[PDB]
Amino acid sequence: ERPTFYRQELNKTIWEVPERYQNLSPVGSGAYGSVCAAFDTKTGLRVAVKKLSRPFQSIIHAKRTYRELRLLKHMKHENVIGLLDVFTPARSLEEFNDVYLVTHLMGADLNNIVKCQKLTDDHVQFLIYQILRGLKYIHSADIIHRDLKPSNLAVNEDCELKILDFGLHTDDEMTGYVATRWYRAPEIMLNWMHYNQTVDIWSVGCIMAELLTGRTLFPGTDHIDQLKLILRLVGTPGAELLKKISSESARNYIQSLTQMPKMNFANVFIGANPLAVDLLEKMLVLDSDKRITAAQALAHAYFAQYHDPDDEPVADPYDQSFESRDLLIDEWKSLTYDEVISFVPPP
Ligand SMILES: CC(C)Nc1ncc2cc(Oc3ccc(F)cc3F)c(=O)n(C)c2n1
């Protein structure tokens, strides 16, 4: 049955939430809405509550609202953000206007942990293992994160990690000396080709390197500067990769660059575990077809003490046929409404 709702103004906005949620307090921006910390009296969990801002103001917005709800409803994995609750104060589709999403409140993101400093190899092992464990799961559902970065990786006191914001940035915020671009695979940064799951492994490589050194791997001042930093490390592309750059314009620019060989990673990451160096070399391959997969990386010797093939689950099938579907605002809205109503809380 329908719980009782109460009203409260927080982020210049009226929040109407079930009584179970108490002590609501703003904690910053999330994807497509503002996030509040709260205490869920029913579960005893500290939770993050996101109220979506104008979820159905356009077809793009309506579809994006539906997309986020579908994604969050599907994810049931220890190392991936999951949906604890979703609600609306609306009593019918007719009065349906607002969507609230509830998940675990996380302690800190990976940026707060790196803090300009080197992490110990054992800490890097555990953190990267969990990212890859979550990624294996996400990828098995044919979902791509597309924007993996330290700020999207949340970690508790026991170093247990969850991946946030998968499967969902304007040109302006990708411009210049910005972390929004530092972790992006070159093929996606410069739109070389139709990208796939392998873009996420690139991001993991960049993250792992940063955990090991305490420094951004490719802190480019712009797209071109970043590409130069990338190619200096991994080498300029060969004829084989060049053929796969379907963009004639991008392909033509690449060939204008003086050729460079791949650097020696042992000389770049001085003092690092040779097994860490080996893994980095397999993740940071320019040709995406040849990058190590999440499933393969889990079996790499670097994770010997954590790897357990019987405790690295895959996802149920995820139907994303809706992505190629053209619908009106109210149609996306009705689909979203059905998803809200049908929600079953996790045990
Ligand atoms: C201190 C910080 C690192 N902990 C933390 N914890 C949770 C979230 C959730 C976010 O997003 C949500 C996703 C799904 C939901 F159901 C609800 C949400 F609020 C979000 O964007 N951030 C930044 C978060 N941060």
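In listed order, ligands and their atoms are each counted from 1. If you read the sequence from its start, that first residue is 1, and numbering goes on from there. The figures that follow rest on heavy atoms only: side chains count, while hydrogens, waters and symmetry mates do not.
- With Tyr100 as reference, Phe87 is the one residue of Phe5, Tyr21, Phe87, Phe343 to meet the ring pair (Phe, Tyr, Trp, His ring centres under 6.0 Å) rule.
- No more than 12 heavy atoms of other residues, nucleotides or ligands sit less than 6.0 Å from atom CD of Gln259.
- Paired with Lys136 under the rule side chain to side chain contact (heavy atoms under 4.5 Å, CB included), one option of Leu298, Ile131, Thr293 passes, and it is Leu298.
- Classified by interplanar angle (parallel below 30°, tilted 30° to 60°, perpendicular above 60°), the ring pair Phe96/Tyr337 is tilted.
- Relative orientation of the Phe218 and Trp202 rings is parallel, given thresholds of 30° and 60° on the angle between their planes.
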Go ahead and list the nitrogen or oxygen contacts between ligand 1 and the protein that come in under 3.5 Å, distances to 0.1 Å, or just say none.
from, atom 1, to, atom 2, distance (Å)
ligand 1, 4 (N), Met106, O, 2.9
ligand 1, 6 (N), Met106, N, 2.9

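- Legend: salt bridge (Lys or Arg N to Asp or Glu O under 4.0 Å) pairs involving residues 191-213, not counting sequence neighbours: none detected.
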